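First the structure, in the form of structure tokens, and then the observations on it.
Only heavy atoms go into these numbers, but all of them, side chains included; no hydrogens, no water, no symmetry mates. All chains are named by letter (A, B, ...) in the order of the sequence lines, taking the proteins before the strands, and each is independently numbered beginning at 1.
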Amino acid sequence: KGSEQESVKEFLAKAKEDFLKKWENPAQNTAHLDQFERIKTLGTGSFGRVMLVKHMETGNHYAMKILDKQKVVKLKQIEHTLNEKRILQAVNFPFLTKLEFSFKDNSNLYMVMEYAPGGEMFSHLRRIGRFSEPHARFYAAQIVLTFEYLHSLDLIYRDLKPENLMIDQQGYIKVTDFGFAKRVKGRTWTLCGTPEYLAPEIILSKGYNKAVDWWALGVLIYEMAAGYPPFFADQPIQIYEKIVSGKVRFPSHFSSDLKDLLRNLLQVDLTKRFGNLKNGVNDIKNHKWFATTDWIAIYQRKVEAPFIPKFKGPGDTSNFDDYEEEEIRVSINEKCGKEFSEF
Amino acid sequence: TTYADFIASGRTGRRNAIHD
Ligand SMILES: NCC1(c2ccc(Cl)cc2)CCN(c2ncnc3[nH]ccc23)CC1
Ligand SMILES: NCC1(c2ccc(Cl)cc2)CCN(c2ncnc3[nH]ccc23)CC1
Ligand SMILES: [Cl-]
């Protein structure tokens, strides 16, 4: 289509048509583990890990998330895991990695996605210390666009943080980690996310909506620009007490416009929180701090990234930490058939 | 400094999600 052919509204309307087709009729069982060569573990977690793999028939590199069915069950993440796969196989956006393949075997669930060789934003943010406002703004813009997309599909994302933002070969980002994402038109109630990034209404055990994502954006922008988050302590409980008060202090190097944006994102009052008002996302996109961002150019990936990863070949993993490599064991007996029937 | 207090904290590494 032409670059000015459609409004954002029209573009998002057509994107929803595309999404709903796939949402209503999900792809299932589209590869097998023996089609991939396992190269390296890129991350680990409580019920899963992510590996760099090579698809043998194409030589393409992918990230493959491997979930142990029994562990997903023990941790009560069955419905959340079904959500993740159903959503990721249906989405399509420049800053998301949709599923290229998914499948399961007796023991595990597998989701295969475009590989992001730049590593986690977390790694770079901690090492460098903090990002300049233009640098933080460039990342933030991509999240604003991605949330507008996600939210227009009635999706809530619910785990924004630097650990869950992957940097690609051109220095743009991928919003990964859809484990808590959910398609919901009403309010919802699950206590989930990461302590530092939780909106007060989640902590106060209120029903909540997509406004929690916009609060989390405020937390991210603060952390990217300051080098530490707005609410931290050694223990989660102390972090929660800080959030519910919502008292924040800005570094003296923060610009006036940054502070003002953050005051409107980190707003405890839902009737005042940017992203949650009559005008929706446009209150964010039209804020003075974003006055210089070319939303159209960012979407088209036309803007030169402020930081472009070191890249020494298509399956390079130098931007990742090293993790202990564990076997992928497949039982001879089918585990959790019923629970993951639709996967 | 706030930076120093952060770096001395136990939450500068990768943060785990929470779950009810
Ligand atoms: N003219 C509509 C679009 C566009 C679509 C295709 C092409 Cl080739 C160019 C432009 C403008 C840039 N995008 C967005 N702009 C502003 N806000 C957004 N929120 C989500 C997407 C966009 C995406 C939609
Ligand atoms: N939250 C960061 C990670 C992750 C780490 C551990 C676990 Cl158990 C889950 C997720 C996101 C997926 N990964 C990706 N790495 C590289 N390229 C990718 N493309 C899509 C996802 C990833 C690896 C890093
Ligand atoms: Cl992921």
Side-chain angles (χ1 to χ4, degrees), chain A residues 18-19 21-73 77-78 80-94 96-120 166 168-169 174-179 181 311-343:
Chain A
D18 294 342
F19 171 85
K21 277 176 207 141
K22 292 189 174 161
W23 171 259
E24 290 302 339
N25 190 26
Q28 171 172 43
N29 193 42
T30 62
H32 183 291
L33 183 64
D34 67 11
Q35 295 165 352
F36 298 94
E37 171 192 341
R38 266 101 78 205
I39 295 167
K40 184 166 215 293
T41 295
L42 298 173
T44 57
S46 279
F47 53 88
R49 62 203 134 154
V50 177
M51 302 194 64
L52 173 71
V53 302
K54 192 166 81 175
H55 185 59
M56 289 166 245
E57 47 207 311
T58 63
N60 288 338
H61 289 92
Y62 294 111
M64 180 183 280
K65 191 167 174 176
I66 306 159
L67 306 183
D68 178 321
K69 285 186 269 187
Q70 298 183 312
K71 297 187 176 183
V72 172
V73 172
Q77 296 306 304
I78 302 160
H80 285 163
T81 295
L82 295 183
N83 287 338
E84 174 173 17
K85 179 262 170 171
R86 198 172 169 187
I87 291 167
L88 281 170
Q89 66 80 43
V91 297
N92 161 232
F93 201 69
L96 293 178
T97 66
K98 67 177 175 6
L99 301 188
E100 302 303 324
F101 313 93
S102 75
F103 49 95
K104 66 210 175 189
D105 59 28
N106 280 167
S107 293
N108 305 304
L109 311 171
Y110 306 88
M111 288 184 285
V112 182
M113 293 160 292
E114 173 189 354
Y115 174 57
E120 293 171 10
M166 299 312 286
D168 67 27
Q169 194 182 123
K174 307 294 184 200
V175 184
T176 58
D177 297 274
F178 269 60
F311 176 81
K312 321 153 175 53
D316 175 56
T317 59
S318 65
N319 299 303
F320 288 83
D321 289 322
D322 301 313
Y323 292 88
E324 181 194 6
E325 303 289 343
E326 155 183 282
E327 58 164 12
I328 302 181
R329 213 189 73 89
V330 186
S331 176
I332 63 170
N333 299 293
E334 181 183 57
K335 273 53 177 298
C336 313
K338 175 77 169 58
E339 293 95 331
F340 300 102
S341 171
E342 77 174 44
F343 189 105

Review point. Would you find a donor on one side and an acceptor on the other, under 3.5 Å apart, between the side chain of A:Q35 and the backbone of A:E57?
Key: no

Practice item. Please identify each residue that fulfils side chain to side chain contact (heavy atoms under 4.5 Å, CB included) with A:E24, with sequence neighbours left out. Key: A:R86

Check your understanding: Do other residues, nucleotides or ligands put more than 12 heavy atoms under 6.0 Å from the NZ atom of A:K54?
Key -> no

**Study point:** Qualifying residue for side chain to side chain contact (heavy atoms under 4.5 Å, CB included) with A:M111, from A:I66, A:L99, A:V50, A:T97
**Key:** A:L99

Check your understanding: Should A:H61 and A:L52 count as side-chain neighbours, where that means a heavy-atom distance under 4.5 Å?
Key -> yes

**Study point:** CE-CD distance between A:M113 and A:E100, expressed to the nearest 0.5 angstrom
**Key:** 9.5 Å

Exercise for review: Apply side-chain contact (heavy atoms from CB on, under 4.5 Å) to A:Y323 and A:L42, showing your working.
Suggested key: CA-CA 7 Å; A:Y323 292 88; A:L42 298 173; 5.9 Å; no

**Study point:** A:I39 side, atom CD1; A:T317 side, atom OG1 - distance, nearest 0.5 Å
**Key:** 8.5 Å

Point to revise | Atom of A:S102, atom of A:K85 and distance for their closest heavy-atom approach | key: OG-CE, 3.5 Å

Point to revise | Set of ring-ring contact (aromatic ring centres under 6.0 Å, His included) partners for A:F343, sequence neighbours left out | key: none

Check your understanding: Are A:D316 and A:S318 linked by a side-chain donor-acceptor pair shorter than 3.5 Å?
Key -> yes

Study note, to complete from the structure: For A:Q77 and A:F47 the tightest heavy-atom approach is CG-CE2, 3.9 Å

Check your understanding: Is A:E326 salt-bridged to A:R49, cutoff N-O under 4.0 Å?
Key -> yes

Practice item. Please check if the distance between the ring centroids of A:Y115 and A:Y62 is under 6.0 Å. Key: no

Practice item. Dump the intermediate steps for side-chain contact (heavy atoms from CB on, under 4.5 Å) on A:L33 and A:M64, then the final yes or no. Key: CA-CA 10 Å; A:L33 183 64; A:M64 180 183 280; 4.0 Å; yes

Practice item. Would you please test A:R38 and A:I328 for side-chain contact (heavy atoms from CB on, under 4.5 Å) and show each step? Key: CA-CA 10 Å; A:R38 266 101 78 205; A:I328 302 181; 3.2 Å; yes

**Study point:** Sub-4.5 Å side-chain heavy-atom contact between A:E114 and A:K174
**Key:** yes

Practice item. Apply side-chain contact (heavy atoms from CB on, under 4.5 Å) to the pair A:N83 and A:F178, showing each step before the final yes or no. Key: CA-CA 8 Å; A:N83 287 338; A:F178 269 60; over 6 Å; no

Point to revise | SB check A:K65 A:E84 (cutoff 4.0 Å) | key: yes

Practice item. Check whether any side-chain N or O of A:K104 sits under 3.5 Å from a backbone N or O of A:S341 as a donor-acceptor pair, and report yes or no. Key: yes

Practice item. Kindly check if the number of other-residue, nucleotide or ligand heavy atoms within 6.0 Å of NZ (A:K40) is above 12? Key: yes

Practice item. State plainly whether the residues A:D68 and A:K335 are in salt-bridge range, i.e. N to O under 4.0 Å. Key: no

Check your understanding: Do A:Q89 side-chain atoms and A:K22 backbone N/O form a donor-acceptor pair below 3.5 Å?
Key -> yes

Review point. For the atom pair CZ (A:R329) and OG (A:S107), what is the distance rounded to the nearest 0.5 Å?
Key: 5.5 Å

Exercise for review: Find out whether A:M166 and A:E120 are in side-chain contact, i.e. whether some heavy atom of one side chain is under 4.5 Å from a heavy atom of the other.
Suggested key: yes

Check your understanding: Of all heavy-atom pairs between A:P117 and A:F320, which one has the smallest distance, and what is that distance?
Key -> O-CE1, 3.8 Å

Point to revise | Heavy-atom check, side chain of A:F93 versus side chain of A:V175, under 4.5 Å | key: no

Point to revise | Of A:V112, A:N108, A:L109, A:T30, the residue whose pairing with A:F103 passes side chain to side chain contact (heavy atoms under 4.5 Å, CB included) | key: A:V112

Practice item. Just say parallel, tilted or perpendicular for the rings of A:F101 and A:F36, cut-offs at 30° and 60°. Key: perpendicular

Check your understanding: Which pair of heavy atoms, one from A:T41 and one from A:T44, lies closest together, and at what distance?
Key -> CG2-CG2, 3.8 Å

Review point. Is the shortest heavy-atom distance from the side chain of A:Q70 to the side chain of A:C336 under 4.5 Å?
Key: yes

Practice item. Apply ring-ring contact (aromatic ring centres under 6.0 Å, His included) to A:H80 and list each qualifying residue two or more places apart in sequence or on a separate chain. Key: A:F180

